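**Student:** The structure follows.
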């Protein structure tokens, strides 16, 4: 389980990426992502631009199973 | 079991959704909802507008078993 985004030298989670994490309901999707990664071997997370509820910029993050994705790497190790 | 609705930065339950939770007698229906979710796999909760005892707005929340519901999703996940 992932809780908080502790930046270097700060004891409080930043109001940046953590806001996106909370808005995207990642607290319930991280379990599925970890389960897929442990089962298949390599999970995939899709992040795309989107509009927020108030009209601001909110990044939409979703997880895609390897059964429904085919990623090609020119350098698999890194 | 669910007790209280702790908002961020507040140690006391808000007088909003918690009032609806108490009015709808959810303390006795949450057990059935959880049992149906654990047995069938996916429970369903129906929330509809309604009038309160004093004439105000009270949200009527009810649980529907999968045996008596068929929900269609254009996207099953996320």
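As a convention, Cβ positions derive from the backbone with ideal geometry for all residues, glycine included, and neighbour counts pool all protein chains shown. Every read-out reported here was derived from the displayed coordinates using simple, explicitly stated rules and does not represent laboratory data.
**Student:** Out of the stretch A:15-42, which residues are free of Cβ contacts under 8 Å to residues at least 12 places away in the same chain and in a loop (DSSP other than H, G, I, E, B)?
**Tutor:** Those that are free of Cβ contacts under 8 Å to residues at least 12 places away in the same chain and in a loop (DSSP other than H, G, I, E, B): A:15, A:16, A:25.
**Student:** Answer yes or no as to whether residue B:45 is within 30 Å of residue A:64 (Cα to Cα) and in a helix (DSSP H, G or I).
**Tutor:** no
**Student:** A further question on this structure: Looking at the stretch B:48-65 only, could you name the residues that are touching a helix residue (DSSP H, G or I) at 6+ places or on another chain (Cβ under 7 Å), closer than 19 Å to residue B:16 by Cα and outside any loop (DSSP other than H, G, I, E, B)?
**Tutor:** B:61
**Student:** Hey, among the residues in the stretch B:66-78 that are outside any loop (DSSP other than H, G, I, E, B) and touching a residue at least 24 places away in the same chain (Cβ under 8 Å), which one's farthest from the other protein chains (Cβ to nearest Cβ)?
**Tutor:** Filtering the stretch B:66-78 for residues that are outside any loop (DSSP other than H, G, I, E, B) and touching a residue at least 24 places away in the same chain (Cβ under 8 Å), the one farthest from the other protein chains (Cβ to nearest Cβ) comes out as B:67.
**Student:** Just the residues that are under 11 Å from the mean Cα position of the chain (by Cα), surrounded by 15 or more Cβ atoms within 10 Å (Cβ to Cβ) and more than 12 Å from chain B (Cβ to nearest Cβ), please, taken from the stretch A:33-49.
**Tutor:** Residues satisfying the conditions are A:43, A:44.
**Student:** Kindly indicate whether residue B:12 is part of a loop (DSSP other than H, G, I, E, B), away from every other protein chain (no Cβ under 14 Å) and on the phi < 0 side of the Ramachandran plot.
**Tutor:** So residue B:12 passes the test.
**Student:** Then there is this: Go through (1) more than 14 Å from every other protein chain (Cβ to nearest Cβ); (2) loosely packed, with under 10 Cβ neighbours inside 10 Å; (3) touching a residue at least 12 places away in the same chain (Cβ under 8 Å) one by one and return the number of the condition residue A:52 breaks.
**Tutor:** Here residue A:52 meets the rest and fails (2).
**Student:** Further question on the same structure: Limited to the stretch A:1-30, what total is found for residues that are under 14 Å from the mean Cα position of the chain (by Cα) and either farther than 26 Å from residue A:72 by Cα or loosely packed, with under 11 Cβ neighbours inside 10 Å (or both)?
**Tutor:** Residues flagged as under 14 Å from the mean Cα position of the chain (by Cα) and either farther than 26 Å from residue A:72 by Cα or loosely packed, with under 11 Cβ neighbours inside 10 Å (or both) within the stretch A:1-30 amount to 17.
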